[PDB]
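Here the structure comes first, spelled out in structure tokens, and everything after it is commentary.
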Amino acid sequence: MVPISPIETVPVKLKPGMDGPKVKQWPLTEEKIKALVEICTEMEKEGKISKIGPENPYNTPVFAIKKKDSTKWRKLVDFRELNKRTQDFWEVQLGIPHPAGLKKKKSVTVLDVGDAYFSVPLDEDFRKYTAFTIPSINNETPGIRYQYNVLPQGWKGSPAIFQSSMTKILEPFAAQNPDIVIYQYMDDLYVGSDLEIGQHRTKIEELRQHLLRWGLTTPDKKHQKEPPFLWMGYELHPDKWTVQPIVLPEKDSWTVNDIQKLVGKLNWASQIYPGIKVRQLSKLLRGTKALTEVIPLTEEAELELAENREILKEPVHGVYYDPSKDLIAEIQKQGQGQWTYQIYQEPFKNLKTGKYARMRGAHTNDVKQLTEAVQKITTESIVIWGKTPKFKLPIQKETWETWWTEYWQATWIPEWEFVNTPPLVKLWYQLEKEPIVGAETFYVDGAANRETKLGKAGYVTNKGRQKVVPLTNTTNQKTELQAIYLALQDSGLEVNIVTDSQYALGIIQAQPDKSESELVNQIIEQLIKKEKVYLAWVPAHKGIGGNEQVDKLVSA
Amino acid sequence: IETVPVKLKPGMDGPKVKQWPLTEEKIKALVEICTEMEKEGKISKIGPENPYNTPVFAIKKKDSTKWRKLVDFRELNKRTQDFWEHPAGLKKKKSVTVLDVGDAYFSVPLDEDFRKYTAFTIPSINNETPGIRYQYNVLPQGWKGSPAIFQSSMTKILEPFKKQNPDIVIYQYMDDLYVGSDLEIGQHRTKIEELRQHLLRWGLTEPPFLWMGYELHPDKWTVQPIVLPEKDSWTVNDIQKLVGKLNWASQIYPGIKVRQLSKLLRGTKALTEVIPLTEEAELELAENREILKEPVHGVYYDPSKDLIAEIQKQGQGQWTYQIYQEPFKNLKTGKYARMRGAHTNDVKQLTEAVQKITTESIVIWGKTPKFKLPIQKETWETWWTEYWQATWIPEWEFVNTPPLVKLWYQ
Ligand SMILES: COc1ccnc(Nc2ccc(C#N)c(OCC=C(C)C)c2)n1
């Protein structure tokens with residue numbers, strides 16, 4: 001007999017203060033008991049479980065399930081109690097590769113190593129917490145007591161302890177065979193290389209040999225699987241990748257759940273199918289939580305869907321990452337706060353695609369949104385490729401420069417170039433830095449009665465132009481805005497406006513190009529038509545005439 | 001050689017902070033550094049039974065090209081017990097050099113039961129391999145317990161130089177020694193050079209960033225005066241801005257009046273029209289100028305309260321900042337235009353500003369302020385690590401609405 005190397009156990013503990021499980025063993029049928037005793041006798045002989053004395057006071061329920069269209073049974077140990085009481089672990093498998101980050105391989109082979117799970121021993125002092133009882137026939141003798149000797153299926157720490165053990169074994173092989181690459185995922189090892197299929201199949205055999213040092217059995221060269229590989233919603237080939245088929249159902253009407261599903265598929269699809277939109281569809285999921293309610297599709301949602309189907313008519317693939325080439329990310333504005341992007345290295349061969357959507361808020365502008373999309377792509381790119389892509393953006397260099405140098409916040413986008421593909425992101429108005437000589441000065445004010453919602457908005461100018469408008473169902477804030485709007489409406493192409501509204505300043509200094517408030521939107525449309533606007537703030541209630549004069553009028 | 005017992009605060013578990021994405025080049029450097037640290041026994045690989053985590057990244061100190069591992073221990077610092085088991089002369093000193101003495105910490109073993117809490121992960125690109133997991137065996141750089149557990153050794157190492165030089169103020173914050181003199185830069189750099197011999201002498205009883213010396217001096221005003229324009233002709237707009245500034249200042253200085261100037265603003269004049277100051281207006285302005293020359297009333301530092309720092313972007317590479325504990329009771333204000341190799345990068349400038357203000361803060365009060373940064377969270381958190389050169393890290397929050405007050409500091 002050739003000695004095999006032992007697999008070092010990982011020390012486990014229960015959560016502090018907590019103790020192991022003490023849960024009643026269910027009444028079984030005589031038939032199920034016979035089946036379990038058979039299974040357990042085999043498992044005990046293999047070394048997977050062992051019979052314990054009366055000492056141990058811990059118990060976990062065990063069940064038997066009938067395999068569909070068969071006459072044999074299956075052993076299921078319900079560890080839910082023990083899991084609540086077992087310590088937390090480092091759960092590596094949370095992060096998985098994105099296919100766009102993989103490198104192209106000539107060959108890729110999978111080795112099933114599920115059989116190593118049961119060759120991975122459990123920490124001796126923790127075993128007792130895993131005790132279970134096979135009830136006896138007619139309950140006339142003591143139940144047969146067992147504890148596990150190896151990592152149990154469904155126990156909290158099995159996934160993490162298995163992977164760490166596997167990684168530890170593979171390290172010297174991987175490090176000494178740098179012309180191959182191994183990726184671990186649950187039960188599988190994916191092994192890729194750019195070698196001749198001769199050399200490649202040999203490295204695979206050597207890996208099987210290496211795994212045997214620890215006595216880990218593996219499948220023959222007629223490995224159960226070869227590419228293409230179905231993995232995590234993707235289809236992987238050695239030279240290209242895509243997502244698994246997206247099929248948009250034909251429907252005569254859509255309910256809440258169907259839309260969410262529809263959203264999901266579109267979202268999944270959008271990482272490789274360019275242009276996908278989900279805005280109108282996601283607008284039908286607002287607030288309510290009754291999945292049964294049928295929702296009528298607006299003419300908007302109907303057209304977005306038709307635009308979606310056309311994009312999904314034929315298959316699209318991504319290519320893999322070539323470390324020897326630049327990464328390029330290109331962005332387009334789609335409208336309604338929606339942004340789409342592609343990441344590629346060569347023209348017309350995307351590595352991946354994606355989309356970005358406007359953050360919820362009252363006021364916004366395109367430049368700010370473009371900037372958020374850039375940051376999102378940047379961070380995603382760091383995850384996938386370890387580097388920032390060169391950007392191709394639909395905003396003129398001169399526009400960006402005006403924006404960042406005058407914006408009140410710090411802002412930055414990394415190395416980029418203008419791409420002239422409409423619609424272009426632009427600045428829609430720019431306020432003056434100094435008062436305009438020869439332009440009329442409008443002193444504006446508005447006020448409202450908190451109790452009746454009655455208000456007034458208006459202005460007085462240096463030319464004696466004046467206006468006061470009575471308003472109903474309004475607030476101080478809305479009247480302050482209305483007053484600015486009236487000054488904009490009634491002035492020429494150049495105008496100085498004096499306000500005491502900190503609120504109105506706060507909004508305008510934020511430079512929105514679009515608002516949830518139709519009044520802010522009307523102000524923006526006026527700002528667009530002007531040639532020069534200087535907006536001046538003064539403190540309220542101060543005897544600053546003009547302002548004082550106009551406050552008297554609207555406070556009446 | 002005998003470790004100092006450390007525990008967390010009652011009812012608090014260790015840090016479980018997600019590792020953030022790193023660029024390929026930072027990963028490559030962390031791998032090289034950790035491989036060597038492991039060989040030197042400073043850290044050890046850990047298994048899945050350790051669920052804790054603190055983010056790690058890599059930086060380059062100011063005027064150096066070599067990567068330095070930096071652990072973001074902010075969460076552990078919060079959750080680590082306080083160790084009670086500030087040199088006012090420092091700020092007043094003519095000059096201060098800042099020394100990275102952090103490498104010294106690596107010679108003191110860390111309490112066995114505490115090591116699990118210093119867990120960190122080196123991530124892989126695209127999650128293609130499992131994160132490499134380590135924990136510290138020794139005092140880690142950036143942990144608050146590290147200076148506190150090394151303070152005993154440190155005094156013994158500095159007993160000669162201090163007895164020899166009773167004039168030099170010496171202060172330690174985290175991985176930095178602050179060495180303040182009144183001497184001349186030649187004596188200074190030499191006396192600094194002298195101090196570098198004590199840690200080489202103790203060192204062999206080799207440090208990567210011990211050689212560097214960062215030079216700084218205090219400035220004239222702690223809180224910059226509020227100044228008002230001096231003009232021979234005032235337009236309506238000039239007077240409106242003046243009354244606005246003074247109304248703001250009256251929140252800080254109680255005697256400030258604007259009635260006589262506001263009265264000039266009586267009426268509906270063109271903004272560019274020149275208004276002659278009345279005699280009542282000139283006196284009031286004069287009275288306010290005088291008031292603004294005096295110090296603020298009732299301003300005192302309190303160690304039991306947080307320091308708050310506000311920064312404003314003034315444009316053309318200029319930045320203003322104020323440090324306070326209570327609103328309108330500024331403890332220190334300042335203005336910066338001096339940012340290097342950042343002329344087309346706002347975010348680099350702001351990151352440098354944050355580092356400068358934090359340094360000043362450590363010198364004056366021996367603690368760091370919480371920043372209110374004029375930047376969107378997502379932009380800041382994408383980029384700040386690219387420009388960070390300090391071994392500590394302050395707290396920050398984000399300002400999303402433009403302050404009206406930016407002018408008043410301009
Ligand atoms: C196996 O580990 C790695 C690491 C880096 N790049 C690749 N490339 C690569 C290329 C093509 C296929 C295919 N088919 C493939 O499949 C295995 C990887 C998975 C399941 C994420 C991987 N594989």
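First listed ligand is number 1; within each ligand, the first listed atom is number 1. Chain letters run A, B, ... following the sequence lines, proteins first and then strands; every chain starts at 1.
Under the 3.5 Å distance criterion, with hydrogens and angles disregarded, a donor-acceptor pair is assigned to the side chains of A:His200 and A:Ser193.
Pocket lining of ligand 1, defined as residues with a non-hydrogen atom under 4.0 Å away: A:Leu102, A:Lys103, A:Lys105, A:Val108, A:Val181, A:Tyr183, A:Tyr190, A:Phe229, A:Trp231, A:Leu236, A:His237, A:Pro238, A:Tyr320, B:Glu128.
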Stepwise side-chain hydrogen bond (donor to acceptor under 3.5 Å, both in side chains) check, A:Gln332 with A:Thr421: CA-CA 8 Å; A:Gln332 297 88 39; A:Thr421 70; 5.3 Å; no

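Under the 6.0 Å cut-off for aromatic ring centres, B:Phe120 and B:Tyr134 qualify, their centroids lying closer than that.
Between A:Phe162 and A:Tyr117, the ring planes are parallel. Angles under 30° get that label, and only those over 60° would be called perpendicular.
When atom types are taken as modelled, the side chain of A:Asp188 and the backbone of A:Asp112 share no donor-acceptor pair closer than 3.5 angstrom.
For the pairing with A:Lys277, the salt bridge (charged side-chain N to carboxylate O under 4.0 Å, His left out) check across A:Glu310, A:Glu304, A:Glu307 returns one residue only, A:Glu307.
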